[PDB]
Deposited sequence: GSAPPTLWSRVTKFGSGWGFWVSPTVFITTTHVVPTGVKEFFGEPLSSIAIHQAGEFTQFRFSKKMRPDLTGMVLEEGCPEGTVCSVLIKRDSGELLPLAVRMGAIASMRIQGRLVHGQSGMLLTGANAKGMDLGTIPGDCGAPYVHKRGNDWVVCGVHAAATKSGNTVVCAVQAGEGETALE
């Protein structure tokens, strides 16, 4: 039931937050934590990276294997209503803080003046430096990632992860 060390090892300091290695070549993070004005990520020049961004979701596909130690894992666009996920929060000190969250609706929501395609959930807290941490859940014997931490209410108990673009009938559109 608990996230294994290898899964934690995918959570990586990045910009003003974190991101997550989905596979040896694919890294996801929250758009607002991506460093501005740089010419490279992880030592790779931007022209060698396929950079996809939609709202608060960012995905990099590097041309070379950056984490060849990892298997690929499944990235999905959010998860069903009511799914219990874990937000794999690393702190700068090194502390690991997995937070349980029961997920709600996928929607495009106005957050601080911007429209954000994401999924809200209820914590069962986060701090601003936690953005980019992955929302994961276990499916059978494997873990699935379905979002990256993007926002929280000032109370704390509501959180939002950014999710990949895509329409579908289970989401509010």
Ranges lacking C-alpha coordinates, please, mapped onto the deposited sequence and listed in sequence order. 125-134
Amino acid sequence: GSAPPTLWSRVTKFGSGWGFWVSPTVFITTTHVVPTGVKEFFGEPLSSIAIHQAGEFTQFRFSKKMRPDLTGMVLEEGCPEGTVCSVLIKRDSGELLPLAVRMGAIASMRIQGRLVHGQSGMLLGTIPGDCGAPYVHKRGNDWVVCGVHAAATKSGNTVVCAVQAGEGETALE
From here on, numbers count along this sequence of modelled residues.
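Only the largest set of C-alpha atoms that superpose within 1.5 Å between the two forms is called the rigid core.
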Do the Cα atoms of 57-65 or of 127-135 sit farther, on average, from the shown structure in 7 other deposited structures of this protein when the rigid core is superposed? 127-135
Higher C-alpha RMS shift from the shown form in 7 other deposited structures of this protein - 8-16 or 147-155, rigid core fit: 147-155
Looking only at CA atoms, which has the higher mean B factor in the entry: 23-31 or 46-54? 46-54
Select between 153-161 and 13-21 the stretch whose C-alpha atoms have the higher average B-factor in the entry. 153-161
By the entry's C-alpha temperature factors, tell me which of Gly104, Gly118, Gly37, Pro134 sits highest. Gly37
C-alpha B-factor winner, where the candidates are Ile111, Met122, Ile127, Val144: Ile127
In terms of its chain's C-alpha B-factors, the third that includes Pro5 is the lowest
